[PDB]
Amino acid sequence: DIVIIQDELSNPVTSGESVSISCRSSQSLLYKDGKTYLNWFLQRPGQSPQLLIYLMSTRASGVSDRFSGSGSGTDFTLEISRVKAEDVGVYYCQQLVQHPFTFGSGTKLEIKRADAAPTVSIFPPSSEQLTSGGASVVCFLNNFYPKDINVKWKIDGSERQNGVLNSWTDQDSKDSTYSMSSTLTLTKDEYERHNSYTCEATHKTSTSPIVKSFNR
Amino acid sequence: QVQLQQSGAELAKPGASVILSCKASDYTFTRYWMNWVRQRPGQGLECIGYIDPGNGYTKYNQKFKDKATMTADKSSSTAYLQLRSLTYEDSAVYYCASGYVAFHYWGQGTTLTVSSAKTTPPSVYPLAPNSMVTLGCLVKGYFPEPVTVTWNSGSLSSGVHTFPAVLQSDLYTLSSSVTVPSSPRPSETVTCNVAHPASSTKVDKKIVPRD
Amino acid sequence: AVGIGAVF
């Protein structure tokens, strides 16, 4: 089979500048008809891949003119002349000159924007859950930048680390922010033996954490 | 527009077979090649094979050679992918793609899970608590993936953050959040809609203030 | 079958 490899972007790109995404193949993709069989895709989280360029240089219907494709028979480059926040996602190249058509491992693009503090929101367990016998405390740190963030759970003033589960989203396509979810799962027996519950966010915005808490 | 509509998520046991479907509308089904590709969780894309819908002629990637069988029924304009002797490694998202331009139009995502574990529906819990109040729904203890979460039947797609699921004791847990002004809520209703195709379950939870 | 972009 033909093997295809892609490069990586070092760091978040600056808005307005140009970005190059490169791809190389173990064999020539130039076919005997003079066309080069290479596709470029953009895949967003939870969506199917979107075809951007085929035949290595022809833009798909409706694709922004900021995207252009070029290359030789083994080295190919996708160009984003004026990158925008809507361009974040994972880019794939693909060869279609010989079966099986193979893809590269993908190249992730993140964009830089102004620093933003997380919007913290804590939720006590619902009555429906307590009836079942569970007690989950949920904390949302939403629309912050950049992605480097830590979260700390304190029960009545003592740090809590057992029973906490986290989930992070990829960069948002509209405002270039990140969001995280932190859920503390306890027993209906354990939640009732404490009064204060706090979720704290440590971020590059502040020296000291941002705290949202509640007392049962 | 050219449309490819895909089968719902399925849960199957090791050794069994499953048939996924891809239905073509608003274009001549016989004209274009149909491609089948697989994307395993966290991994990249991999071509399974392709079929000509006019004669049933197929070409397979040898990695999926004896495991997969592509067929086409012209009367219903539907392509079929049979996966035999399923393994845990076959748990993945399966896409169909067609068009004059190859891989132009996709649709898709049939999440296939092979785990010998029994399908369990989720419990949906409301998360009730300024300028912008934040609400949410906790979707806990379901199997297998996926769960699709909407708010007010897609009307509030702005300000929504549906987080990736976490696996714990062989069950998944997911959380979704929505942010609206203080003016509409609680004066106007906010409902989270959770669909779990593997169990044919739909759950709607209206978010109501605490007392 | 008819198409471009791939060598079927």
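Calculation criteria
- Residues numbered from 1 in each chain as written, not as in the entry; some residues may be left out.
- Chains lettered and ligands numbered in written order.
- Heavy atoms only, no water.
- Helix = DSSP H or I, 4+ residues; strand = E, 2+ residues; numbered from the N terminus.
- Buried < 20%, exposed > 50% of the residue type's maximum accessible area, 1.4 Å probe, protein only.
- Areas by Shrake-Rupley, 256 points an atom, 1.4 Å probe, with all protein chains shown as cover.
- Domains from an automatic or database assignment.
- Contact = heavy atoms within 4.5 Å.
- Buried area = accessible area lost by both parts, 1.4 Å probe.
- Salt bridge = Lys/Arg side-chain N within 4 Å of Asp/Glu carboxyl O.
- Pairing = 2+ DSSP bridges.
- Axes fitted to C-alpha atoms, helices over the stretch in contact; angles between N-to-C directions.
- Polar contact = N/O pair within 3.5 Å; in protein donor to acceptor, adjacent residues only side chain to side chain.
- Nonpolar A, V, L, I, M, F, W, Y, C, P; charged D, E, K, R; others polar.
- Core = buried A, V, L, I, M, F, W, Y, C linked by side-chain atoms within 4.5 Å.
- Disulfide = S-S within 2.5 Å.

Structure determination for this PDB entry is given in the record as X-ray crystallography, at a resolution of 2.102 Å.

1. Some remarks on the overall build of chain B
On a plain count of helices and strands, chain B comes out with 0 helices and 18 strands. Referenced to the eigenvectors of the C-alpha coordinate spread, the extents of chain B come out at roughly 65 × 40 × 30 Å. Counting all 211 residues of chain B, 47% fall into the buried class. Surface exposure of chain B reaches about 9,500 Å², of which carbon and sulfur atoms provide 49%.

2. A word on the domain arrangement of chain B
All names here are of chain B. The assigned domain composition of chain B is domain 1 (3–114) and domain 2 (123–207). Here the C-alpha centroids of domain 1 and domain 2 sit 30 Å apart. Listed per partner, the contact involves 4 residues of domain 1 and 6 residues of domain 2. The contact between domain 1 and domain 2 buries some 400 Å² in all, and 77% of this surface belongs to carbon and sulfur atoms. It is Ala9, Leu11 and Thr113 that lose the most area in domain 1 upon contact with domain 2, and together they represent 76% of the buried surface on that side. Run the count over domain 1 and domain 2 and you get 0 salt bridges.

3. What to know about the sheet that holds strand β9 (residues 92–98) of chain B
Residue and element names in this part refer to chain B. Spatially, β2-β10-β9-β4-β5-β6 is the arrangement adopted by the 6 strands of the open sheet, whose pairing is mixed. Bordering the open sheet on either side are β2 (10–12) and β6 (58–60), each of which pairs with just one other strand. Here the average twist between neighbouring strands, direction ignored, is 25°. Two strands pair when backbone bridges link them, and strand β4 (residues 34–39) and strand β5 (residues 45–51) are joined in this way by 6 bridges, in the antiparallel orientation. When the sheet's bridge partners are listed, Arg38 is paired in β5 with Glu46.

4. A closer look at the interface of chain B and chain A
Between chain B and chain A, the residue contacts involve 35 residues of the former and 39 residues of the latter. Across the chain B to chain A interface the summed buried area is about 3,100 Å²; carbon plus sulfur atoms make up 65%. Taken as a group, B:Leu45, B:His161 and B:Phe163 account for 18% of the area that chain B buries against chain A, more than any other trio of residues on that side. Notably, a salt bridge pairs A:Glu128 with B:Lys205, separated by 3.0 Å at the nearest N-O pair. Between chain B and chain A we count 13 residue pairs in polar contact in total. Per-class residue counts for the side of chain B that touches chain A are 18 nonpolar, 13 polar and 4 charged.

5. Some words on the interface of chain C and chain B
Counting residues at the interface gives 7 residues for chain C and 9 residues for chain B. Applying the counting rule to chain C against chain B returns 0 salt bridges. Residue classes in the side of chain C that touches chain B are distributed as 5 nonpolar, 2 polar and no charged.

6. A look at the nonpolar core
Residues A:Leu38, A:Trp40, A:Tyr91, A:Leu109 and B:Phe103 are the most contacted members of the largest nonpolar core, which totals 49 residues. Counting only elements with at least two residues in this core, the list comes to β2 (19–25), β3 (38–43), β4 (50–54), β7 (75–80) and β8 (89–95) of chain A together with β5 and β9 of chain B. If sequence neighbours within four positions are ignored, B:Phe103 has contacts with A:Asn39, A:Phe41, A:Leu51, A:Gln94, A:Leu96, A:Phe101, B:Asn35, B:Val37, B:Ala97 and B:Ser98. B:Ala12, B:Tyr27, B:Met70 and B:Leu83 belong to the second-largest nonpolar core, a separate cluster that totals 27 residues.

7. Here's the deal with the pattern of salt bridges
Residue and element names in this part refer to chain A. Per the counting criterion, the structure on display carries 17 salt bridges over all chains. Put simply, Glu200 and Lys154 hold a salt bridge, and the shortest N to O gap is 3.0 Å. Note that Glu200 is positioned in strand β17 (residues 196–202) and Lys154 in strand β13 (residues 150–155), a separation of 46 residues in sequence. Exposure remark for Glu200: the relative accessible area of 9% places this residue in the buried category.

8. Some thoughts on the pairing of strand β7 (residues 68–73) of chain B
Residue and element names in this part refer to chain B. Bridge count for β7 against strand β8 (residues 78–83) is 6 bridges, and the pairing is antiparallel. When the sheet's bridge partners are listed, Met70 is paired in β8 with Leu81. Connecting β7 to the next strand, β8, in antiparallel fashion are 4 residues, including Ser77 with a positive phi near 50°.

9. Details of the domain arrangement of chain A
Residues and elements named next belong to chain A. Splitting chain A by domain gives domain 1 (4–109) and domain 2 (119–215). Taking the mean C-alpha position of each, domain 1 and domain 2 sit 38 Å from one another. The partner domain 2 presents 6 residues to the 7 residues of domain 1 that form the contact. Taken together, the connections running from domain 1 to domain 2 amount to 1 salt bridge. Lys108 is the salt-bridge partner of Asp170, the closest N and O atoms lying 3.0 Å from each other.

10. Comments concerning the sheet that holds strand β18 (residues 210–215) of chain A
Residue and element names in this part refer to chain A. Within the open sheet, the 4 strands sit side by side as β14-β13-β17-β18. Their pairing is antiparallel. Two strands lie at the open edges of the sheet, namely β14 (158–160) and β18, each paired on one side alone. On average, each strand axis in the sheet is tilted by 30° relative to the strand beside it, whichever way the strands run. Sheet analysis places β13 next to β17, joined by 6 bridges and oriented antiparallel.

11. Quick notes on the state of the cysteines
The full count for this structure, using the stated rule, is 4 disulfides over all chains. Here A:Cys139 pairs with A:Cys199 through a disulfide, and the sulfurs are 2.0 Å apart. Here A:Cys139 and A:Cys199 share a disulfide; its torsion about the S-S bond, 70°, makes the bridge right-handed. Taken together, the residues span a long stretch of sequence, with A:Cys139 in strand β12 (residues 134–144) and A:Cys199 in strand β17 at a distance of 60 residues. Taken as a pair, A:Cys139 and A:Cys199 share a single burial class, namely buried. Linked covalently through their sulfurs, B:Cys137 and B:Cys192 form a disulfide whose S-S length is 2.0 Å. Here B:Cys137 and B:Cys192 share a disulfide; its torsion about the S-S bond, -90°, makes the bridge left-handed. On the criterion of sequence distance, the pair formed by B:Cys137 in strand β12 (residues 132–142) and B:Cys192 in strand β17 (residues 191–196) is long-range, its members being 55 residues apart. For the pair shown, B:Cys137 and B:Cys192 are each scored as buried. Each bonded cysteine of chain B gets a number by its place in the sequence, and the pairs then read 1-2, 3-4. Taking only the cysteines that form disulfides and numbering them from first to last, chain A has the pattern 1-2, 3-4. Take B:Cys47: it sits in no disulfide, and the sulfur closest to it among the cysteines is that of B:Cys96, at 13 Å.

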